[PDB]
Amino acid sequence: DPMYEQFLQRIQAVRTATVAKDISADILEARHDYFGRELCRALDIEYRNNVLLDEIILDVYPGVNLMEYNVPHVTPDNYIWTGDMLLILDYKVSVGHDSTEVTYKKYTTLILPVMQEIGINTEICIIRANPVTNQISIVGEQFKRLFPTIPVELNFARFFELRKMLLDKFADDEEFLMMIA
Ligand SMILES: COC(=O)/C(O)=C/C(=O)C1(Cc2ccc(Cl)cc2)CCN(Cc2cccc(Br)c2)CC1
Ligand SMILES: [Cl-]
Ligand SMILES: [Cl-]
Ligand SMILES: [Mn+2]
Ligand SMILES: [Mn+2]
């Protein structure tokens, strides 16, 4: 697993809180992308990770004149264009709901208004994995309808192992315990 080994090498060598903070953030981003790949694989949908909203619009509505609209340049993780409906997808890996709420608010208020002007029926979907319990929580009524079961096989233990080693290595470093938390 060259992903695990790459983090381990960085954790072995890191000496400063700033480089350590970046490793921690990279591990959190990596387990996020791991969940997205596994989810898209299980649902046999196309795997994407951050698509510019303008690019989504051009895929679903090639004839659009971009310059006719105020398109926020957000990059949701992924999308599903059924031909009648656009599900905007964002992955989350978290034990809590705050990150979901924050992103739900953002994409609801920024994406829906312009998609209604353009005329594309859209739903904001956030799929969260709890990295401790592996349970999946979905917001998006149309998504649940399309995918009533999510047969993922998730294992977040290696991400926990790596990040724990990093936190252990900097447990007596005041600068670090500030930056991560
Ligand atoms: C899970 O939901 C998200 O948090 C998410 O997918 C965030 C992202 O994709 C960014 C990379 C990332 C960081 C931490 C984790 Cl754990 C997972 C992914 C990349 C995009 N930025 C938002 C942004 C930044 C600059 C310009 C624009 Br426009 C938009 C946030 C982090
Ligand atoms: Cl360093
Ligand atoms: Cl964004
Ligand atoms: Mn993203
Ligand atoms: Mn995401």
# chains A, B, ... in the order shown; residues from 1 in each chain; ligands from 1
>>> residues_near_ligand(ligand="ligand 3", cutoff="12 Å", atoms="only C-alpha atoms and all ligand atoms", output="CSV table (one decimal) with N, CA, C and O atoms, in the first residue's frame")
chain,number,residue,atom,x,y,z
A,49,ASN,N,-13.6,14.0,-8.2
A,49,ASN,CA,-13.3,14.6,-6.9
A,49,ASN,C,-12.9,16.0,-7.2
A,49,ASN,O,-11.8,16.4,-7.5
A,50,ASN,N,-14.0,16.9,-7.1
A,50,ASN,CA,-13.9,18.3,-7.3
A,50,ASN,C,-14.1,18.7,-8.7
A,50,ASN,O,-13.1,18.8,-9.5
A,51,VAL,N,-15.3,19.0,-9.1
A,51,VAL,CA,-15.6,19.4,-10.5
A,51,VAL,C,-16.1,20.9,-10.4
A,51,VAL,O,-17.1,21.2,-9.7
A,52,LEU,N,-15.4,21.8,-11.1
A,52,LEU,CA,-15.9,23.1,-11.2
A,52,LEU,C,-17.4,23.2,-11.7
A,52,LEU,O,-17.8,22.4,-12.6
A,53,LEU,N,-18.2,24.0,-11.0
A,53,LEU,CA,-19.6,24.0,-11.3
A,53,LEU,C,-19.8,24.4,-12.8
A,53,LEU,O,-20.7,23.8,-13.4
A,54,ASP,N,-19.0,25.3,-13.4
A,54,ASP,CA,-19.2,25.6,-14.8
A,54,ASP,C,-19.1,24.4,-15.6
A,54,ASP,O,-19.8,24.2,-16.6
A,72,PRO,N,-21.2,30.7,-9.5
A,72,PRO,CA,-20.2,30.5,-8.4
A,72,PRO,C,-19.2,29.4,-8.8
A,72,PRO,O,-19.7,28.3,-9.2
A,73,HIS,N,-18.0,29.7,-8.7
A,73,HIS,CA,-16.9,28.7,-9.1
A,73,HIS,C,-16.6,27.7,-8.0
A,73,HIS,O,-15.5,27.6,-7.7
A,74,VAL,N,-17.7,27.1,-7.5
A,74,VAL,CA,-17.5,26.1,-6.5
A,74,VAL,C,-17.1,24.8,-7.2
A,74,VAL,O,-17.3,24.6,-8.4
A,75,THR,N,-16.5,23.8,-6.4
A,75,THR,CA,-16.1,22.5,-6.9
A,75,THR,C,-16.6,21.4,-6.0
A,75,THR,O,-15.9,20.9,-5.2
A,76,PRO,N,-17.9,21.1,-6.1
A,76,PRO,CA,-18.4,19.9,-5.5
A,76,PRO,C,-17.6,18.7,-5.9
A,76,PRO,O,-17.1,18.7,-7.0
A,77,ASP,N,-17.6,17.7,-5.0
A,77,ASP,CA,-16.8,16.5,-5.3
A,77,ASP,C,-17.1,15.8,-6.6
A,77,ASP,O,-16.3,15.4,-7.3
A,78,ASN,N,-18.4,15.7,-6.9
A,78,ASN,CA,-18.9,14.8,-7.9
A,78,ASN,C,-20.3,15.2,-8.3
A,78,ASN,O,-21.0,16.0,-7.6
A,88,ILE,N,-25.9,16.8,-7.3
A,88,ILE,CA,-24.6,17.3,-6.8
A,88,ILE,C,-24.2,16.5,-5.6
A,88,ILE,O,-24.9,16.4,-4.6
A,89,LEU,N,-23.0,15.8,-5.7
A,89,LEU,CA,-22.6,14.9,-4.6
A,89,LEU,C,-21.4,15.6,-3.9
A,89,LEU,O,-20.5,16.1,-4.6
A,90,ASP,N,-21.4,15.5,-2.6
A,90,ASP,CA,-20.2,15.7,-1.8
A,90,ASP,C,-19.9,14.6,-0.8
A,90,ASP,O,-20.9,14.3,0.0
A,91,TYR,N,-18.7,14.1,-0.7
A,91,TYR,CA,-18.3,13.1,0.3
A,91,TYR,C,-18.0,13.8,1.6
A,91,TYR,O,-17.5,15.0,1.6
A,102,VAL,N,-22.5,22.7,7.2
A,102,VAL,CA,-21.8,23.8,6.6
A,102,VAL,C,-21.8,23.7,5.0
A,102,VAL,O,-22.1,24.6,4.3
A,103,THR,N,-21.5,22.5,4.6
A,103,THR,CA,-21.5,22.3,3.1
A,103,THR,C,-22.9,22.3,2.5
A,103,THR,O,-23.1,22.8,1.4
A,104,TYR,N,-23.8,21.7,3.3
A,104,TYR,CA,-25.2,21.7,2.8
A,104,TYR,C,-25.7,23.2,2.6
A,104,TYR,O,-26.2,23.5,1.5
A,105,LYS,N,-25.5,24.0,3.6
A,105,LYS,CA,-25.8,25.4,3.5
A,105,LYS,C,-25.1,26.1,2.2
A,105,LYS,O,-25.8,26.8,1.5
A,106,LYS,N,-23.8,25.8,2.1
A,106,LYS,CA,-23.1,26.5,1.0
A,106,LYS,C,-23.6,26.1,-0.3
A,106,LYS,O,-24.0,27.0,-1.1
A,107,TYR,N,-23.7,24.8,-0.6
A,107,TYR,CA,-24.2,24.4,-2.0
A,107,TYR,C,-25.6,24.7,-2.2
A,107,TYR,O,-26.1,24.9,-3.3
A,108,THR,N,-26.5,24.6,-1.2
A,108,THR,CA,-27.9,25.0,-1.4
A,108,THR,C,-28.0,26.4,-1.8
A,108,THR,O,-28.7,26.7,-2.8
A,109,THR,N,-27.3,27.3,-1.1
A,109,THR,CA,-27.5,28.8,-1.4
A,109,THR,C,-26.7,29.2,-2.6
A,109,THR,O,-27.1,30.2,-3.2
A,110,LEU,N,-25.7,28.5,-3.0
A,110,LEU,CA,-24.8,29.0,-4.1
A,110,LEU,C,-25.2,28.2,-5.4
A,110,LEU,O,-25.0,28.8,-6.5
A,111,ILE,N,-25.6,27.0,-5.4
A,111,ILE,CA,-25.8,26.2,-6.6
A,111,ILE,C,-27.2,26.3,-7.0
A,111,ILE,O,-27.5,26.5,-8.2
>>> select_by_dssp(residues="segment 134-169 of chain A", states="alpha helix (DSSP H)", output="number ranges by chain")
A: 141-146, 157-169
>>> closest_residue(among="A:93, A:139, A:124, A:17", to="ligand 1", atoms="only C-alpha atoms and all ligand atoms")
A:93
>>> closest_residue(among="A:166, A:152, A:157, A:177", to="residue 36 of chain A", atoms="only C-alpha atoms")
A:152
>>> closest_atom_pairs(of="chain A", to="ligand 2", cutoff="7 Å", atoms="only C-alpha atoms and all ligand atoms", output="Markdown table")
| residue | atom | partner | partner_atom_place_in_ligand_line | distance |
| --- | --- | --- | --- | --- |
| A:13 | CA | ligand 2 | 1 (Cl) | 6.8 |
| A:14 | CA | ligand 2 | 1 (Cl) | 4.0 |
| A:15 | CA | ligand 2 | 1 (Cl) | 3.9 |
| A:16 | CA | ligand 2 | 1 (Cl) | 4.4 |
| A:19 | CA | ligand 2 | 1 (Cl) | 5.2 |
>>> residues_around(residues="residue 133 of chain A", least_positions_apart="6", cutoff="12 Å", atoms="only C-alpha atoms", output="PDB file with C-alpha atoms, in the first residue's frame")
ATOM      1  CA  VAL A  93     -15.831  11.454   6.517  1.00  0.00           C
ATOM      2  CA  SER A  94     -16.606  12.645  10.040  1.00  0.00           C
ATOM      3  CA  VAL A  95     -18.024  11.392  13.328  1.00  0.00           C
ATOM      4  CA  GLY A  96     -20.242  14.498  13.510  1.00  0.00           C
ATOM      5  CA  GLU A 153     -16.662  -2.320   2.544  1.00  0.00           C
ATOM      6  CA  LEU A 154     -14.890   0.445   4.468  1.00  0.00           C
ATOM      7  CA  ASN A 155     -11.774   0.193   6.616  1.00  0.00           C
ATOM      8  CA  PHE A 156     -10.437   3.454   8.054  1.00  0.00           C
ATOM      9  CA  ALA A 157      -8.036   1.807  10.533  1.00  0.00           C
TER      10      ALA A 157
END
>>> select_by_dssp(residues="segment 5-181 of chain A", states="strand (DSSP E)", output="PDB file with C-alpha atoms, in the first residue's frame")
ATOM      1  CA  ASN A  78     -18.880  14.845  -7.933  1.00  0.00           C
ATOM      2  CA  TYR A  79     -22.244  14.703  -9.670  1.00  0.00           C
ATOM      3  CA  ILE A  80     -24.761  12.374 -11.297  1.00  0.00           C
ATOM      4  CA  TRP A  81     -26.556  13.518 -14.456  1.00  0.00           C
ATOM      5  CA  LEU A  86     -28.658  16.669 -11.532  1.00  0.00           C
ATOM      6  CA  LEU A  87     -27.523  15.276  -8.175  1.00  0.00           C
ATOM      7  CA  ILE A  88     -24.603  17.287  -6.818  1.00  0.00           C
ATOM      8  CA  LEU A  89     -22.565  14.933  -4.630  1.00  0.00           C
ATOM      9  CA  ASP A  90     -20.156  15.713  -1.835  1.00  0.00           C
ATOM     10  CA  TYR A  91     -18.345  13.143   0.278  1.00  0.00           C
ATOM     11  CA  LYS A  92     -17.685  13.569   3.976  1.00  0.00           C
ATOM     12  CA  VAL A  93     -15.831  11.454   6.517  1.00  0.00           C
ATOM     13  CA  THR A 122     -30.916  19.867  -9.120  1.00  0.00           C
ATOM     14  CA  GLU A 123     -30.575  18.239  -5.686  1.00  0.00           C
ATOM     15  CA  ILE A 124     -27.745  18.808  -3.187  1.00  0.00           C
ATOM     16  CA  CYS A 125     -26.505  15.436  -1.876  1.00  0.00           C
ATOM     17  CA  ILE A 126     -24.006  14.923   0.949  1.00  0.00           C
ATOM     18  CA  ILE A 127     -22.927  11.391   1.814  1.00  0.00           C
ATOM     19  CA  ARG A 128     -21.063  11.029   5.102  1.00  0.00           C
ATOM     20  CA  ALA A 129     -19.133   8.056   6.438  1.00  0.00           C
ATOM     21  CA  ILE A 136     -23.283   5.965   6.098  1.00  0.00           C
ATOM     22  CA  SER A 137     -25.574   9.002   6.438  1.00  0.00           C
ATOM     23  CA  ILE A 138     -27.111  10.524   3.304  1.00  0.00           C
ATOM     24  CA  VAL A 139     -28.891  13.824   2.736  1.00  0.00           C
TER      25      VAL A 139
END
>>> closest_residue(among="A:48, A:144, A:169, A:163", to="ligand 4", atoms="only C-alpha atoms and all ligand atoms")
A:48
>>> closest_residue(among="A:143, A:159, A:61, A:176", to="ligand 1", atoms="only C-alpha atoms and all ligand atoms")
A:159
>>> closest_residue(among="A:40, A:162, A:120, A:178", to="residue 147 of chain A", atoms="only C-alpha atoms")
A:40
>>> decode(residues="segment 108-180 of chain A", atoms="C-alpha atoms", output="PDB file, in the first residue's frame")
ATOM      1  CA  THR A 108     -27.873  24.986  -1.364  1.00  0.00           C
ATOM      2  CA  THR A 109     -27.527  28.761  -1.408  1.00  0.00           C
ATOM      3  CA  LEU A 110     -24.848  28.965  -4.106  1.00  0.00           C
ATOM      4  CA  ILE A 111     -25.772  26.206  -6.577  1.00  0.00           C
ATOM      5  CA  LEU A 112     -29.564  25.973  -6.536  1.00  0.00           C
ATOM      6  CA  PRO A 113     -30.334  29.593  -7.552  1.00  0.00           C
ATOM      7  CA  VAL A 114     -28.243  29.480 -10.740  1.00  0.00           C
ATOM      8  CA  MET A 115     -29.405  25.977 -11.688  1.00  0.00           C
ATOM      9  CA  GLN A 116     -33.005  27.221 -11.442  1.00  0.00           C
ATOM     10  CA  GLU A 117     -32.221  30.162 -13.732  1.00  0.00           C
ATOM     11  CA  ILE A 118     -30.572  27.807 -16.214  1.00  0.00           C
ATOM     12  CA  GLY A 119     -33.438  25.343 -15.893  1.00  0.00           C
ATOM     13  CA  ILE A 120     -31.649  22.224 -14.582  1.00  0.00           C
ATOM     14  CA  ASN A 121     -33.491  20.249 -11.903  1.00  0.00           C
ATOM     15  CA  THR A 122     -30.916  19.867  -9.120  1.00  0.00           C
ATOM     16  CA  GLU A 123     -30.575  18.239  -5.686  1.00  0.00           C
ATOM     17  CA  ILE A 124     -27.745  18.808  -3.187  1.00  0.00           C
ATOM     18  CA  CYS A 125     -26.505  15.436  -1.876  1.00  0.00           C
ATOM     19  CA  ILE A 126     -24.006  14.923   0.949  1.00  0.00           C
ATOM     20  CA  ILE A 127     -22.927  11.391   1.814  1.00  0.00           C
ATOM     21  CA  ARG A 128     -21.063  11.029   5.102  1.00  0.00           C
ATOM     22  CA  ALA A 129     -19.133   8.056   6.438  1.00  0.00           C
ATOM     23  CA  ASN A 130     -18.505   7.858  10.147  1.00  0.00           C
ATOM     24  CA  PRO A 131     -14.836   6.737  10.133  1.00  0.00           C
ATOM     25  CA  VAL A 132     -15.160   4.993  13.526  1.00  0.00           C
ATOM     26  CA  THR A 133     -18.411   3.037  13.011  1.00  0.00           C
ATOM     27  CA  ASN A 134     -18.439   2.867   9.168  1.00  0.00           C
ATOM     28  CA  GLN A 135     -22.134   3.885   9.085  1.00  0.00           C
ATOM     29  CA  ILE A 136     -23.283   5.965   6.098  1.00  0.00           C
ATOM     30  CA  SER A 137     -25.574   9.002   6.438  1.00  0.00           C
ATOM     31  CA  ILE A 138     -27.111  10.524   3.304  1.00  0.00           C
ATOM     32  CA  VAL A 139     -28.891  13.824   2.736  1.00  0.00           C
ATOM     33  CA  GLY A 140     -30.637  13.922  -0.623  1.00  0.00           C
ATOM     34  CA  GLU A 141     -34.019  12.309  -1.060  1.00  0.00           C
ATOM     35  CA  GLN A 142     -33.469  11.521  -4.754  1.00  0.00           C
ATOM     36  CA  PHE A 143     -30.090   9.930  -4.050  1.00  0.00           C
ATOM     37  CA  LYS A 144     -31.556   7.575  -1.424  1.00  0.00           C
ATOM     38  CA  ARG A 145     -34.233   6.716  -3.968  1.00  0.00           C
ATOM     39  CA  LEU A 146     -31.637   5.807  -6.597  1.00  0.00           C
ATOM     40  CA  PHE A 147     -29.427   3.943  -4.103  1.00  0.00           C
ATOM     41  CA  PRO A 148     -31.530   2.412  -1.309  1.00  0.00           C
ATOM     42  CA  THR A 149     -28.507   0.363  -0.172  1.00  0.00           C
ATOM     43  CA  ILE A 150     -24.801   1.235  -0.219  1.00  0.00           C
ATOM     44  CA  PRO A 151     -22.754  -2.001  -0.240  1.00  0.00           C
ATOM     45  CA  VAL A 152     -19.402  -0.433   0.705  1.00  0.00           C
ATOM     46  CA  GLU A 153     -16.662  -2.320   2.544  1.00  0.00           C
ATOM     47  CA  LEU A 154     -14.890   0.445   4.468  1.00  0.00           C
ATOM     48  CA  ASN A 155     -11.774   0.193   6.616  1.00  0.00           C
ATOM     49  CA  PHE A 156     -10.437   3.454   8.054  1.00  0.00           C
ATOM     50  CA  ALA A 157      -8.036   1.807  10.533  1.00  0.00           C
ATOM     51  CA  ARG A 158      -4.826   2.617   8.636  1.00  0.00           C
ATOM     52  CA  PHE A 159      -5.718   6.324   8.514  1.00  0.00           C
ATOM     53  CA  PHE A 160      -6.275   6.257  12.272  1.00  0.00           C
ATOM     54  CA  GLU A 161      -2.980   4.414  12.831  1.00  0.00           C
ATOM     55  CA  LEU A 162      -0.974   6.926  10.770  1.00  0.00           C
ATOM     56  CA  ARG A 163      -2.558  10.032  12.298  1.00  0.00           C
ATOM     57  CA  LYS A 164      -2.230   8.605  15.827  1.00  0.00           C
ATOM     58  CA  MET A 165       1.513   8.093  15.335  1.00  0.00           C
ATOM     59  CA  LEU A 166       1.846  11.703  14.174  1.00  0.00           C
ATOM     60  CA  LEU A 167      -0.125  13.004  17.174  1.00  0.00           C
ATOM     61  CA  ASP A 168       1.931  10.827  19.535  1.00  0.00           C
ATOM     62  CA  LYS A 169       5.158  12.203  18.025  1.00  0.00           C
ATOM     63  CA  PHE A 170       4.076  15.795  18.740  1.00  0.00           C
ATOM     64  CA  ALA A 171       2.196  15.289  22.016  1.00  0.00           C
ATOM     65  CA  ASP A 172       4.579  17.591  23.943  1.00  0.00           C
ATOM     66  CA  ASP A 173       4.660  20.303  21.219  1.00  0.00           C
ATOM     67  CA  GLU A 174       2.477  23.283  22.138  1.00  0.00           C
ATOM     68  CA  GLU A 175       2.808  24.791  18.652  1.00  0.00           C
ATOM     69  CA  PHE A 176       1.398  21.646  17.029  1.00  0.00           C
ATOM     70  CA  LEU A 177      -1.488  20.884  19.405  1.00  0.00           C
ATOM     71  CA  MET A 178      -2.667  24.408  18.556  1.00  0.00           C
ATOM     72  CA  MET A 179      -2.409  24.066  14.757  1.00  0.00           C
ATOM     73  CA  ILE A 180      -4.304  20.777  14.375  1.00  0.00           C
TER      74      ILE A 180
END
